[PDB]
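Note: ideal-geometry Cβ built from the backbone for every residue, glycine included; neighbour counts use all protein chains shown. Values in this text are rule-based calculations from the coordinates and carry no lab data.
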Amino acid sequence: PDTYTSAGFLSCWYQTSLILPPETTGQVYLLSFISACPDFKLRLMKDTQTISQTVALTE
Amino acid sequence: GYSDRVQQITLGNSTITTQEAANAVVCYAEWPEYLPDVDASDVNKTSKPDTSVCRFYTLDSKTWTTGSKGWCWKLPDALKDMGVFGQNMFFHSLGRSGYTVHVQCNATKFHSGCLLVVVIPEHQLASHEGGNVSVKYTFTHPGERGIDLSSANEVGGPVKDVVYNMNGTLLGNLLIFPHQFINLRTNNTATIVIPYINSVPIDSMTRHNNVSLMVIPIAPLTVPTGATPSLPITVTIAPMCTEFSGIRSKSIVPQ
Amino acid sequence: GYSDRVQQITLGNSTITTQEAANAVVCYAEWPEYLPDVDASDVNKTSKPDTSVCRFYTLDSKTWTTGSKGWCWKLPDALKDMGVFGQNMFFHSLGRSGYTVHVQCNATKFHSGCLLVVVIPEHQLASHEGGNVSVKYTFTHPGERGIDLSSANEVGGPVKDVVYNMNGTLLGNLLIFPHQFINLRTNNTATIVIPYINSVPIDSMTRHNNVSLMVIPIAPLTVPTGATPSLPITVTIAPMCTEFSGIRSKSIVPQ
Amino acid sequence: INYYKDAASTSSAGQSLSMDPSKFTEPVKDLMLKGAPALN
Amino acid sequence: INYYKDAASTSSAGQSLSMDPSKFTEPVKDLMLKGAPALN
Amino acid sequence: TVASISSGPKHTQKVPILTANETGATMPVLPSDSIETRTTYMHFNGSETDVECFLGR
Amino acid sequence: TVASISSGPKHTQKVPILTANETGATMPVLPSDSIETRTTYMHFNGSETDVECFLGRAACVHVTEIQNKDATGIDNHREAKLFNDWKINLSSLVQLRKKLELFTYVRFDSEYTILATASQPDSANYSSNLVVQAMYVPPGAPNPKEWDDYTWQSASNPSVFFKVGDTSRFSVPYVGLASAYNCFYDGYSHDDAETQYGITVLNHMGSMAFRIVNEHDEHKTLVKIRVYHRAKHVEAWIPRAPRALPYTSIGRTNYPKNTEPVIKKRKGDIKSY
Amino acid sequence: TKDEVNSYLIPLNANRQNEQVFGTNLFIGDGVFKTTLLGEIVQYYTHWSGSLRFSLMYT
Ligand SMILES: Cc1cc(CCCOc2c(Cl)cc(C3=NCCO3)cc2Cl)on1
């Protein structure tokens, strides 16, 4: 994450509202996915902050 | 597998999808178009902001309850404050526009209720005082709030009696105007495309509204047992083919 | 009977006539043009308000007196509040523009004085504090008022020393930038056409100014005997080929 | 002969032999001819 | 120029420039057209 | 190669943005299916994401 | 090519030497417009003033230092120079800086040469042979905390291993975000009221990290790293006025207060020779 | 507060009007995005450019 280079925000709101049928109750859920369009470019490979270690593993 | 039923309208940087439409009406069978030269009078080149003004603005939501009488919005007023559409509006001497109106109201297969969605070209309102009392400016320029036909008479405001369309004609005959119904059992949206209708080629956007959009409950809302007794109605509207002309200082309007 | 001397520039709904010009400069010999697709990156269609933004805005006037050190305006900042140009500016995420700058100063055949009118692409100012003190935002966004090089150092503001161009270079070498002189004895206006110059195809109009226009007295004003010792200088600027893209909510900027 | 695959790895570029000072020395809108009067 | 006899000794391979995400993004048995309804 | 084509207003019966993810597919939706776009080119090949490159240092 | 043509007496109505500088042009006047000349040829091409040539020789851009010593009980390797870094930038040293700042935007590939020499300021039996490891931690990469971390594994990070006393060399493509490097930037990261100003906000391309692979011997060894940078494939736009005052900071234009007059005062009159 | 199947579920409430369902910035290399396959790969590179596809499936 970098400021100059930042991309925006994504929000979601009720346009009208969720309505449940009779005999039904509680919360309903949305699942959300993300994938890249065919548009996408990635460059200049580097090391990931997502994995590290303190001693070599063994068998 | 195309149904009359599912639709997508993309206009500018905004898109609407409905999975329960009932076709769409195009007023008087004409689609909005720009102002041709043969019809032009003002010699000024006009400004066509295109995608920055021709996108969808969603007005604040209303709440249909069993006591609702109906709501009324005027155009271009309702949009007087939306993004760059509104700025352009206050800043040019003249402007012209068509619109896509999308009214939304979803419920379930146990609800009943039916709204009339109608567009009335030149809807001159009546004073509830009678005689020749006028309807002051502010009252006919409610902005995004629109007029709530179940609100009380106010002074200098219009009459809000529904079976008379706010003008001395019967609710039953509003069907001669481009309109579409939202019947919970069928429909969940209404869409009307409005071409620019006037007796002059371009006009002032602030001293004259050229259509009122009206949403009126006709078959009362009836919710399933122990359901909450109300549904929200949302109105989203997009200017289309907008042109502004005679730029200058920026109008100052009452109130 | 055309002279280099008389000129007319009509842009939008506004026209300028000068009867005492000294040709006009077109930065780097290039005239403003829109953004070609081959150079485009953002996929958004852009908005080109045309004549409503590409007209001439006259900023408030300055007063050249014998003690004047020079003034500095930044673009697009100077126009941040002019008509619809400004609205568009705060409302889109990205925008791009070229300009016609016309600086005016008339006197009589008894006055003497000579101003340098120069456009500096990417004029990064220096803090008068030295070291690595930054120059706060507000200080580099004076708006139509511009920066007055004979005003006092302020805190968080830039240095205002003229023989160093506000950045560690000598006044004498500003002539490598597109510029024109106003020598009372010759000239009464200066006109420079600025093409859009950046390292990206389109940018933010609020976090980055892409040129500073600078008017600097170099040969001091000398009025005839018992004349009032001062002349007003007026700056009129017109955006040209403006395009805005990525419309939304409307930026909020410091101060 | 490039021994390497990428363009960044090649040696220095070779002389522009472009050279056109007029964008800097004569950016005037109406063309000035040497010998003709500067201001008409 | 390979200086060595065995194939393992050659340098890195060169870009597939193959690229076909459909085995991963659209492994459906009956073809789906964008724009047509998902479920008929 | 175009990264985005030019596309304008739409009012159709053909909605590319409504799908059924239950199917297991990721439908190839693009910016131009839901906003108005302008042409732009890719200027890029995806060279440095080739698996030979990824595992080759 | 002729450098001067032959030209003789003139008595004309066509005066090329009278102009109006107010126009902003520099009219192309030549010796032969105002004296009588003889033909002469140029014999010269202007080869060595090409911008590729001007920016194309190696310049020292950075000197750092690391030491090889027992890290036993060191709570902060970075702080013991058990390994250092250099948040990459070409504004540090001013010799190459002034040259670059003659332009506004610049685009080029870089060729780096890294010379490493060792020093043994206090009593050693010998000079050990150390191997340096220079790894470029791209921004958003695990920063080496220690001197034998997991980061030094650099399995995806380009790294080079060379011997002290020796030199390492390679080249890097133009890794700029934009179409060119901004030598100057009159803007901010975002519309804040306290956010920094300049390019120091634009030029955030991580840092380089050095370290000695070898464990520690009985004595201590100082290794001093010098990074040289050569631009190749240069492209430069928009010339600007040269730097007159001294520099104070990487990335800001700021000059020091109570600096000295930069124009030499005459010893004599305006009339003096 | 501990990783759970539940942080994949965006809840929806019946009968709310005008209100907001969720919000997030778009730093694809951090925050919600970071553990997704997209987020996870983006992290092997320094720069990205392109369009993203965000979809919501209703349950
Ligand atoms: C201006 C300017 C130019 C640069 C250079 C960018 C960083 O370039 C490097 C890269 Cl991509 C890799 C290495 C490197 N890889 C293995 C050893 O060093 C070093 C540098 Cl300086 O930064 N500001």
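Things worth noting here:
- Overall dimensions of chain F by Cα: Rg and Dmax, Å: 16.3, 51
- Nearest-first distances (nm) between copies at C:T234, label 7 Å from Cα via Cβ: 5.1
- Here the alpha carbons of the stretch B:67-129 define both size measures, Rg and Dmax, at 16.2, 51 Å.
- Taking the stretch G:1-155 and dividing mean pair separation by its residue count, relative contact order in percent (alpha carbons under 8 Å, at least six apart): 18 percent
- The mean count of C-beta atoms from other chains within 10 Å of the C-beta of residues in F:44-53, rounded to a whole number, is 6.
- Reduced Cα scattering model of chain H, Debye log10 I(q)/I(0), q = 0.14, 0.18, 0.20, 0.21 Å⁻¹: -0.55, -0.84, -0.97, -1.03
- Per-bin percent of Cα-Cα distances, the stretch B:1-105 [10 Å]: 10, 35, 36, 15, 4, 0
- With its label point put 7 Å out from Cα toward Cβ, B:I176 sits 7.8 nm from the same residue's point in the other copies, in order from shortest.
- Spatially proximal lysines relative to H:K2 (Cα-Cα < 30 Å; intrachain offsets below 8 disregarded): A:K46, G:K145, H:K34
- Three-way shape label, chain G, alpha-carbon gyration tensor, a/c 1.5: prolate
- Prolate/oblate/rounded call for the stretch G:1-104, Cα gyration tensor, a/c under 1.5 rounded: prolate
- Dividing the convex hull volume of the alpha-carbon atoms in chain D by its residue count gives 113 Å³ per residue.
- Dipole magnitude of chain B about its Cα centre (Cβ charges: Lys, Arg +1; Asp, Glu -1), debye to nearest 20: 440 debye
- The stretch B:32-89 and the stretch G:1-66 have their alpha-carbon centroids 61 Å apart.
- In summary, the convex hull built on the alpha carbon positions of the stretch B:65-169 has an orientation-averaged projected area of 8.7 nm².
- For the rotational copy relationship between D and E, the axis lies nearest to a chain D beta carbon, identified with its distance in whole angstrom as D:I1, 9.
- Ascending count of other beta-carbon atoms within 10 Å, so fewest first, for B:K69, A:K46, G:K265: G:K265, B:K69, A:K46
- Taken about its Cα centre, chain E carries a charge dipole of about 0 debye when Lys and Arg each add +1 at the Cβ and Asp and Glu each add -1 at the Cβ.
- Taking the axis that rotates chain C onto chain B, the chain C residue nearest to it by Cβ, with the distance rounded to whole Å, is C:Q87, 2.
- Scaled radius of gyration (Cα, divided by 2.2 N^0.38 Å) that chain A gives: 2.08
- Amide N of the stretch A:19-59 lying under 15 Å from the label point, which is placed 7 angstrom from the Cα of G:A71 along Cα→Cβ: A:53-56
- Debye equation applied to the C-alpha atoms of chain B, log10 I(q)/I(0) at 0.14 Å⁻¹: -0.98
- If the Kirkwood radius is taken over C-alpha pairs of the protein assembly as shown, then at 10 °C and 1.306 mPa s the Stokes-Einstein diffusion coefficient equals 46 µm²/s.
- Ranked from shortest, the separations from the 7 Å Cα-to-Cβ label point of B:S3 to its equivalents in the other copies are 7.8 nm.
- Residues of type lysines that C:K48 reaches as a straight line, Cα spacing below 19 Å, ignoring anything fewer than 8 places off in the same chain: B:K45, B:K48, C:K80, C:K250
- Contact order for chain B, expressed relative to its length and based on alpha carbon pairs under 8 Å spaced 6+ residues apart, stands at 39 percent.
- Taken about its Cα centre, the protein assembly as shown carries a charge dipole of about 2180 debye when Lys and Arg each add +1 at the Cβ and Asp and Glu each add -1 at the Cβ.
- The stretch C:200-231 versus chain E: alpha-carbon centroid distance in Å: 60 Å
- Average other protein chain Cβ within 10 Å of Cβ, residues C:164-176: 6
- FRET efficiency, H:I41 to E:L33 (Cβ-Cβ, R0 41 Å, nearest 0.05): 0.90
- Estimated D of the stretch G:47-180 in µm² per second, where Rh is the Kirkwood radius over Cα pairs and Stokes-Einstein applies at 25 °C, 0.890 mPa s: 140 µm²/s
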